[PDB]
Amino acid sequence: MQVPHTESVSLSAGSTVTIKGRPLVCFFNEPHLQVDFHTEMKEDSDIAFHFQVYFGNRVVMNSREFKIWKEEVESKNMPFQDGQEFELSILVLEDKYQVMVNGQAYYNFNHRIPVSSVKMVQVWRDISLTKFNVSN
């Protein structure tokens, strides 16, 4: 699957975004993973949910609203395992996005932009990708 990966989407409460991939290099060198929920197909459009994993280090979450990054949310949760394939499940809940890694929730981000405004998802940085699916 092509990386960067860019897809049109429609999301509502009850949607799940499933992403299966593998880091391209060892964790010691801090590969990244980035998943961005965009308001338009344009790459520089606003971002309702920015999810950036610094593998082996930390996770950063934010929104970009009218071209401006807002309040950063940090996590030190690092359930990802060096060299391993991972399954990310991003659950769209009424109040927040919830990010599961291999079936358990480790990260949460309350909605700042209504989820009905999301029109595109981009998955990119230092991973190979074998699955990207938005639930029906």
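Residue positions are given as counts along the sequence shown, with the first one as 1.
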Looking only at CA atoms, which has the higher mean B factor in the entry: 33-41 or 86-94?
86-94
Comparing 117-125 with 7-15, where is the mean C-alpha B-factor higher?
7-15
Specify which of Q81, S63, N110, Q52 carries the largest Cα B factor in the deposited PDB entry.
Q81
Which third of the chain does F28 land in by C-alpha B-factor: lowest, middle or highest?
middle
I47: CA temperature factor from the record, placed by chain third, in the lowest
